[PDB]
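Scope of the values below: all heavy atoms of this structure, side chains included, with no hydrogens, waters or symmetry mates. One-based numbering, in listed order, for ligands and for the atoms of each. Numbers restart at 1 for each chain; the letters A, B, ... are given by sequence-line order, proteins then strands.
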Amino acid sequence: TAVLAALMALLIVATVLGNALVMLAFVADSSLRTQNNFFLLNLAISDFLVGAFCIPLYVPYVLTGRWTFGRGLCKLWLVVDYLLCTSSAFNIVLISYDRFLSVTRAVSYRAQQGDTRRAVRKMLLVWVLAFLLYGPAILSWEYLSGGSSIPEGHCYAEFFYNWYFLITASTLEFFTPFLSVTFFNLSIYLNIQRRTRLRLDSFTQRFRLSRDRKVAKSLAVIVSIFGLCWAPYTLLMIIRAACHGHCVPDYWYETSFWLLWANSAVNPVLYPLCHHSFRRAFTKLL
Amino acid sequence: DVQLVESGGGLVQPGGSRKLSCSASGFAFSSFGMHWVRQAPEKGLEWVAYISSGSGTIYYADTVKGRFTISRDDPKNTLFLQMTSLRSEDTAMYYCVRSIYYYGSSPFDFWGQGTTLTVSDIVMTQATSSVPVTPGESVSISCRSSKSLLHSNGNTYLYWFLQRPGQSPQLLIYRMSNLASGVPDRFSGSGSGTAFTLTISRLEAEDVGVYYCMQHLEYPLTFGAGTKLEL
Amino acid sequence: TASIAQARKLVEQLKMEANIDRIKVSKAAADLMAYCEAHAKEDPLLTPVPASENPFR
Amino acid sequence: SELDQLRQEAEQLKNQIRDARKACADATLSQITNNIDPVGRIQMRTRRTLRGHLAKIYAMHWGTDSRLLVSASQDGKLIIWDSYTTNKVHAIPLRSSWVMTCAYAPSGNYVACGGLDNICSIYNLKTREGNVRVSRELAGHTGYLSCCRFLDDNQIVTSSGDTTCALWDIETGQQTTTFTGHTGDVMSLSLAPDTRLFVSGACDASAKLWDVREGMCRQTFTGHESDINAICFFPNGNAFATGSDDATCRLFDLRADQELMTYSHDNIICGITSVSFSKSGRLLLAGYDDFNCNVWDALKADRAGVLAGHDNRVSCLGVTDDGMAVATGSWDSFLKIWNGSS
Amino acid sequence: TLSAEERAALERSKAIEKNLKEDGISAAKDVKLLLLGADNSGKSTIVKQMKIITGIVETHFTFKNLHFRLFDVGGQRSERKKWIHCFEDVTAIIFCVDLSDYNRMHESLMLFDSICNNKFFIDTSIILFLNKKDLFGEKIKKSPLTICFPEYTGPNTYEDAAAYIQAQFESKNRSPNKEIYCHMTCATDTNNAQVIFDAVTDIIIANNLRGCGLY
Ligand SMILES: CC(C)CCC[C@@H](C)[C@H]1CC[C@H]2[C@@H]3CC=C4C[C@@H](O)CC[C@]4(C)[C@H]3CC[C@]12C
Ligand SMILES: CC(C)CCC[C@@H](C)[C@H]1CC[C@H]2[C@@H]3CC=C4C[C@@H](O)CC[C@]4(C)[C@H]3CC[C@]12C
Ligand SMILES: CC(C)CCC[C@@H](C)[C@H]1CC[C@H]2[C@@H]3CC=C4C[C@@H](O)CC[C@]4(C)[C@H]3CC[C@]12C
Ligand SMILES: CC(C)CCC[C@@H](C)[C@H]1CC[C@H]2[C@@H]3CC=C4C[C@@H](O)CC[C@]4(C)[C@H]3CC[C@]12C
Ligand SMILES: CC(C)CCC[C@@H](C)[C@H]1CC[C@H]2[C@@H]3CC=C4C[C@@H](O)CC[C@]4(C)[C@H]3CC[C@]12C
Ligand SMILES: c1ccc(COCCCc2cnc[nH]2)cc1
């Protein structure tokens, strides 16, 4: 029992300070003002609030088994939790789209690099579209469908057992973002391999080929980790809705539920830590 | 050369509207903050409005706030003053004044010729209205303020102006001790706290005129009544 | 005849430098030590001033 | 025949000077200042950070009011800073961005700069138009401009990479005096407090003392093993310190006509970019390639402290006329203001 | 800030800071290129469409929405290692070698080695230009390549002789991270801008990949 409490506490600790260092390094260094650096900050901000607001508030729900924070506060937690997770997925697509432009439209990317007006405009569109996907749905479901089917002491979305809404929402929540990240990271690999093929057609040639393989492994892990954390819960929500939880074990739902929050702890390891500019800032601060 | 030409003044009906223009030539207009200062006939100077360089900061006097609008056109080097609901209290000569602000600058250094409009707070005191003087003799002019003009940064934001008969005001002393460019060294500004003295050694014919002390510690900028020197 | 012209100028310059009056190193060292001692109190970097007198608080 | 005989006489003259210096080398500055107590540990904090340069800062110079300073960067910008408030007073766009030196006139009315364009440009800070304009471009050097210092509003001395220094009349735009004799690129110059003499350090590892009015070299100082990059007069004008690429600083005396003290450490293996003295001259501050500024005890040759606040080369530094603070410029595009606390 | 004049002085400083960022953003959009080579290696007319904008000669041109700034430092007769660090942030180095001059051929080899292995140009790519390849082919008939390279033992054909010279320069690169873009050009060739643009585009992508964290 206490082991589970430590594991949840460990996830809180890793997610909070892990995403805090990215925000601390962004403030400390004024040269980290490229559009890519803003996108990494937005991913850090979205993931920071997951481990500081959502996960700590959800710990009593697991240890006690009942939501003791009231019906009113449950709606706030549901909206914030769905807003941050959706924005985290949309930031990953934004980062992968940014990396796709750099390799393909290199001349235009460098000219527009450092344009903070575009960076903030794209950052706001991530949060706005994240809210419009689930904000109105969570808040206005009870007031438009009649009553609330949620029993007292339990806190989950109104559409938790809906089938038509979940498949439609998941298509715009994980299915489209996963294919966009896959397409973007695949086009980077094709462009790098194609450009190197023309370059070769010695010690220098060996190094470039080795560098391309290192990028290929880097691109594969990014698509894998994002897919690995989000696919189980996204598929289980659709599968469990069809059979209303009869065909899905109860402990399987929780395991996939924490995979999404586990993604908020691996994101600082992947995007900012592997970034060269942020790596130097971390060494400068410590 | 540096020029400031005002236009748009004239006789207007009470409650009417009039647009004053100040065209600037011979200097970097966009780098200077601009003030409108008016002077009622047979009266002292009265500050009207201020617009900073870049149009980011705008200040108005209480007697005109809400009725007057000050604006600038940097590409055309034109300063504007839109006036509405004009009263008989607004009958004055309106001067266009340039002022640039950085460490060691001399604000209020150049004034325009002024335009005449006719309609159909720290207190600065100059008790001595007139002083009989003779050429070659030393003269002292006193100014007082209700508040201490010495700031915590060491500056004393007191200014001295000279308005010769028929001419626009000219800056003599800025920040209570510094001598303005083009001013003879015989003028010297001395002060402490709330009491200030302008000493004019070896007075000449050109020095004859009205002397105004202005405070720039805070807005609204207020002028003294003025001390006139006569032979 | 470029080298021979340069040689005359270099030799002539060394004559001027060799005719200067030189004081002892001990005399020169004492003067440097004296100047540092006399102005030690008015050196803010050597002896930091109280925070009230520091323009860069 | 004649050439061989003359160059042999030069060697005899060099030995005569070397023997003359050895004759007056009765004692060492280290022995003289052994009894005096050390300055202790010098701790300085960054009071101000001047941000806004977007490239390597190559030069800085304090104004005589000990509050305004001018810095030059290869972003093509000359900036004048209010050090008390960190306010930017002016931003002068340079026609050539390859600036290597900058100078603030003692009157405060002019600043000068120049680099690989072989030109020393004079900028008027006090104009009726309210903007800084170029007042003079001093052409005549055939190499890059490495250092410049105003004597007054009308005279300035420049050192160049064409192995010569020049004294300029700013009003006429012509160099009144040319100082020749260095066999390498002159990298720096320092004016004596009375502005009657100036020392220059070149890449021939030698420092020459020049008379401004007479226009000839009075004394030559050798002892460095590599190019001299920095030079600074002692506050009383009777000595100067140099910094070279051999990781050493040397204190030469004008009247004794020889080196008095060497400032080097075994850990230091990088070149020196800038040198300056404190107001009393007791401290010698030197900027280094290893991103640090080492404060030395001038009398005892002890490293009093370290200013470590830059992530690239310390390219320049300067101490205010009142001695209150020291500014350090760096290739990391930042300026920092340092002083101690009680 | 407390004083009325200090508030306007602070506002003036902020306006200065805003213009510094705008200038820096526009400055970072230019491709700065350092032009090097022998005394007469064709660097003066390396690009026909470029126009000049004892000192440093700066030449600029625009090609396919990219602005190139070419700096020729041949006029500086002073010591190079005292001012070569001013170009440490150069996008690429354009090195010009004349293939029709055997006397200066070995001069270029030692000049290339110092620049290629310079402490300030470890990660800087080089766009090597071998000019006058048509004159080299005409002159390789009477004058064998063994005159300038005694150790050369390959065939005297034009294709192999030019390739051997190119391999000599690329052997000076001891850093695997540095990429050298060699090109054989003529005096009448008019596509040198495309060759530079293609090489710079590859360099920009490598820079972008570092910028986006993939590298
Ligand atoms: C940073 C790493 C260590 C975080 C580890 C996260 C995983 C391994 C931990 C953290 C929260 C834990 C869950 C907490 C609550 C439950 C509900 C219970 O009825 C079954 C076990 C289960 C499902 C736990 C499974 C393991 C778990 C998901
Ligand atoms: C539960 C919520 C409200 C807690 C607060 C979270 C938000 C509002 C806080 C936490 C982290 C903060 C960010 C931390 C870093 C920066 C970078 C800086 O250059 C601009 C401010 C900015 C962008 C902050 C904006 C506000 C911020 C995003
Ligand atoms: C673009 C993003 C940042 C917009 C986010 C808007 C959020 C912060 C606002 C807008 C609507 C608000 C909700 C409106 C209604 C309710 C129901 C009430 O019983 C609890 C508070 C709660 C749940 C509010 C929580 C905060 C809320 C969700
Ligand atoms: C729980 C809910 C309230 C969280 C809401 C998060 C939103 C409102 C916050 C968190 C992160 C914030 C962004 C952080 C960084 C920037 C860049 C800055 O140059 C403009 C503001 C901007 C774009 C902020 C806008 C508001 C923002 C998106
Ligand atoms: C109902 C909505 C939220 C579902 C749509 C989800 C996906 C399709 C949306 C959400 C976030 C959006 C991205 C947000 C920002 C940008 C940057 C812009 O320069 C190109 C489009 C791009 C890359 C958008 C592509 C489409 C996008 C990924
Ligand atoms: C399909 C996939 C995704 C969604 C919503 O995504 C956010 C889930 C919130 C969450 C889960 N575990 C921790 N937080 C809806 C349908």
Side-chain angles (χ1 to χ4, degrees), chain A residues 11 15 19 22-23 26-27 32-33 35 37-55 57-58 61-62 69-70 72-74 76-91 94 115-116 118-141 143 148 155-157 159-178 226-227 229-241 253-265:
Chain A
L11 181 57
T15 305
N19 297 272
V22 185
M23 299 185 302
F26 187 90
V27 179
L32 311 181
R33 294 302 179 272
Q35 296 182 3
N37 298 321
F38 282 95
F39 299 160
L40 267 45
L41 173 70
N42 186 340
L43 182 65
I45 291 179
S46 181
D47 297 331
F48 170 76
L49 302 179
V50 172
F53 187 86
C54 300
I55 308 180
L57 263 66
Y58 189 73
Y61 194 91
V62 175
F69 291 92
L73 193 57
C74 167
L76 175 60
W77 181 89
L78 288 177
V79 171
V80 171
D81 183 64
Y82 279 71
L83 174 65
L84 299 171
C85 294
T86 304
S87 66
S88 181
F90 289 172
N91 288 325
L94 186 54
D115 192 358
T116 62
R118 297 177 182 264
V120 175
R121 271 211 332 93
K122 298 175 182 180
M123 286 174 60
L124 291 182
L125 187 60
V126 168
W127 292 93
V128 169
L129 291 183
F131 179 80
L132 295 181
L133 189 54
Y134 292 101
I138 292 181
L139 298 178
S140 62
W141 199 277
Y143 298 91
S148 59
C155 181
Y156 52 86
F159 49 85
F160 200 66
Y161 295 91
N162 196 330
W163 185 90
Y164 294 94
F165 179 81
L166 277 187
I167 180 180
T168 302
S170 61
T171 303
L172 300 180
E173 174 72 296
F174 167 71
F175 292 156
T176 300
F178 180 80
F226 171 71
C229 296
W230 277 67
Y233 181 82
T234 302
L235 293 179
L236 283 187
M237 288 292 97
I238 303 301
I239 293 179
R240 184 190 54 83
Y253 155 76
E254 283 289 337
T255 302
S256 64
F257 182 86
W258 289 88
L259 288 181
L260 265 63
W261 286 348
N263 192 211
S264 300

Show me the short polar-atom pairs for ligand 6: any N or O of it lying under 3.5 Å from a protein N or O, with distances only.
{"from": "ligand 6", "atom 1": "6 (O)", "to": "A/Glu173", "atom 2": "OE2", "distance (Å)": "3.3"}
{"from": "ligand 6", "atom 1": "12 (N)", "to": "A/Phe257", "atom 2": "O", "distance (Å)": "2.9"}
{"from": "ligand 6", "atom 1": "14 (N)", "to": "A/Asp81", "atom 2": "OD2", "distance (Å)": "3.1"}
{"from": "ligand 6", "atom 1": "14 (N)", "to": "A/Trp261", "atom 2": "NE1", "distance (Å)": "3.2"}

- prompt: Going by the atom numbers of ligand 3, which of them fall below 4.0 Å from some non-hydrogen atom of A/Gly72?
  reply: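 By the 4.0 Å cutoff, the relevant atoms are 20 (C).
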query: Which ligand 3 atoms does A/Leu139 reach within 4.0 Å, using its non-hydrogen atoms?
result: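 Those qualifying, in numeric order: 11 (C), 13 (C), 14 (C), 23 (C).
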message: Measuring only between side-chain heavy atoms, which start at C-beta, is A/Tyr82 closer than 4.5 Å to A/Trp77?
response: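 Counting from C-beta outward, A/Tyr82 and A/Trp77 never come under 4.5 Å.
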- request: Please state whether the rings of A/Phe178 and A/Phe226 are parallel, tilted or perpendicular, taking 30° and 60° as the class boundaries.
  value: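 Taking A/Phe226 first and then A/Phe178, their aromatic rings lie parallel (interplane angle under 30°).
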query: Relative to each other, are the rings of A/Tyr58 and A/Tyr61 parallel, tilted or perpendicular (30° and 60° limits)?
result: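 Taking A/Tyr61 first and then A/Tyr58, their aromatic rings lie parallel (interplane angle under 30°).
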Return the set of residues passing side-chain contact (heavy atoms from CB on, under 4.5 Å) with [X] (not counting sequence neighbours), or none when no residue passes.
X	value
A/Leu41	A/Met23, A/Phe26, A/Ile45
A/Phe131	A/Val79, A/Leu83, A/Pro136
A/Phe175	A/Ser170, A/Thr171, A/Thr234, A/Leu235

query: Counting heavy atoms only, which of A/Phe53, A/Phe131, A/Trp127 is nearest atom 7 (C) of ligand 4?
result: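 Among A/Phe53, A/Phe131, A/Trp127, the closest heavy atom to atom 7 (C) of ligand 4 belongs to A/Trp127.
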task: Find all atoms of ligand 4 within a distance of less than 4.0 Å from any non-hydrogen atom belonging to A/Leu124, and give their numbers and elements.
output: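 Those atoms are 23 (C), 25 (C).
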task: Mind checking the CH2-CG spacing from A/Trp230 to A/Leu260? Nearest 0.5 Å is all I need.
output: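 These two atoms lie 5.0 Å from each other.
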